């Protein structure tokens, strides 16, 4: 078999897990009671917990099945490795090794590369495999250039746009976003900001929406500048300059409904559109839609074919 190491951020399974999860995010430094209360309040606002654990499972095992149903050159076996709760990246590599997996392909459920995200997933996976003696991990770094990925988002955007009155489409803007990172990554030409711009450009040329902008969301609690503009601020700025009637938010750096979409878009961006008198749109996330499982199947199968 070939191991398929499918990686993602992780989410609390239970309300009681929030403290240890947030501590892991903060590199072992326990957050304060006020920080914990803020995060717990956001989870409460979206219904109590996030759907990300179930979606991530459906993505990983749906990918495994799409691959195995489409060819008989190899058998893939999926192992889920999460960044900040069990099963951790290291636990997934240990499981492959214990099962006798000799070779693996890895994919992060985030289509863009950065030094804070995919690089860190890959370093941890490689370091765990090195200590164990295997498996050899063949990492996919990014996959936003996949045409089926771009077309999936364009199709969702066009479906939403077709329900906007034709006389208001000229007053509609597409806001393309991803998770913000510290601005300092630009100092060393990290590819992440340019990958998001390329993604926005590729999508724009396949949709009927005539206006678009790139923003960022979910910047952390630090004392340094992060990539912007923030999507809330950008919404205000664009309404100020152009008086758009419809804002369509596609946080294409993410692949699932989770806290950073359900709260940071569907609550925080809608607060702004409500304040200025515009309509809020946020198309369905890829989740485990068959189209999205086909994107991932294409990516992994191309990777496997290029290794051989």
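Numbering follows the first chain given and starts at 1. Each form is matched to the other, and the largest set of C-alpha atoms that superpose within 1.5 Å is called the rigid core.
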How do 265 to 273 and 28 to 36 compare in 4 other deposited structures of this protein: which one has C-alphas farther from this form after the rigid core is matched? 28 to 36
Stretch departing more from the displayed form, 197 to 205 or 219 to 227, Cα RMS in 4 other deposited structures of this protein (core fit): 219 to 227
On average, are the C-alpha B-factors higher in 160 to 168 or in 186 to 194? 160 to 168
Mind pulling up the entry and telling me whether 279 to 287 or 45 to 53 has the higher mean Cα temperature factor? 45 to 53
Among 117, 222, 177, 106 - the residue whose C-alpha B-factor is largest in the record: 222
Using the entry's values, work out which of 155, 142, 230, 99 has the largest Cα B factor. 99
If you rank the chain by CA B-factor, which third does residue 266 end up in: lowest, middle or highest? lowest
When the modelled residues of the chain are sorted by Cα temperature factor, does residue 215 land in the lowest, middle or highest third? lowest
Mind checking which third residue 253 falls in for C-alpha B-factor across the chain? lowest
If you rank every modelled residue in this chain by C-alpha B factor, which third holds residue 78: lowest, middle or highest? middle
For residue 173, the third of its chain by CA B-factor is the lowest
